[PDB]
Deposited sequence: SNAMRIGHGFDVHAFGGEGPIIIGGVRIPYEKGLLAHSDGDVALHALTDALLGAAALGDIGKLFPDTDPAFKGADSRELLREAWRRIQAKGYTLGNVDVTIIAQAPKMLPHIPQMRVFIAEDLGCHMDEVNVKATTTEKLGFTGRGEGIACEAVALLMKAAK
């Protein structure tokens, strides 16, 4: 038995940079507004994983009301507690700028660390909306993730 999940997160630019994405500080004119560290890749990743496990989402488990890497780790703990193991993950950063490609190899390493898995089971990509939409206008950054879990 195997399970699929999907996650999506967005944070708005504000304040001064750098931004943290996939656990990597990327220098930029602007920072990202958030309650946590605003790591849109790790949030989206975490929700895909919880979603595959039918454990809900970060919103339910970790209320903004009541850091991302730790949220990921705590989510994974619970998910492994349920008998699941990693199949793979794939992540899609949607952003006009800054350039992500230089920082992506390091993000894989970090995610692999956090999920206790091999780097070849983690992929991360960047894609632009060609100046369209709120990401295109540089109002914020969005990220999507998918995950496959095996029981």
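Peer 1: No C-alpha coordinates anywhere in a stretch? Then put that deposited-sequence range on the list, in order along the chain.
Peer 2: In sequence order, the gaps with no modelled C-alpha are 1 to 2, 69 to 74, 160 to 162.
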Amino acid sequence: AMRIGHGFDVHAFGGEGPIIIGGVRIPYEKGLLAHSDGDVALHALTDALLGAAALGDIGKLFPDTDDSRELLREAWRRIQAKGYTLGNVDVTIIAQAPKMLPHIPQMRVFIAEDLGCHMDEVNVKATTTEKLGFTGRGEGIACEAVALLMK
From here on, numbers count along this sequence of modelled residues.
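Peer 1: Please compare 48 to 56 with 96 to 104 and say which has the higher mean C-alpha temperature factor in the record.
Peer 2: Result: 96 to 104.
Peer 1: Taking the values exactly as deposited, rank residue 138 by C-alpha B-factor within its chain and report the matching third: lowest, middle or highest.
Peer 2: CA B-factor rank for residue 138: lowest third.
Peer 1: Tell me, lowest, middle or highest third: where does the Cα B factor of residue 23 rank within its chain?
Peer 2: Bottom third by C-alpha B-factor.
Peer 1: According to the PDB entry, is the CA B factor of residue 119 in the bottom, middle or top third of its chain, that is, lowest, middle or highest?
Peer 2: Highest third - that is where residue 119 ends up once the chain's C-alpha B-factors are sorted.
Peer 1: Would you check the entry's CA temperature factor for residue 148 and let me know if it's in the chain's lowest, middle or highest third?
Peer 2: It belongs to the middle third of the chain when residues are ordered by C-alpha B-factor.
Peer 1: For the chain shown, is the CA B-factor of residue 1 in the lowest, middle or highest third of its modelled residues?
Peer 2: According to the entry, residue 1 has a C-alpha B-factor in the chain's highest third.
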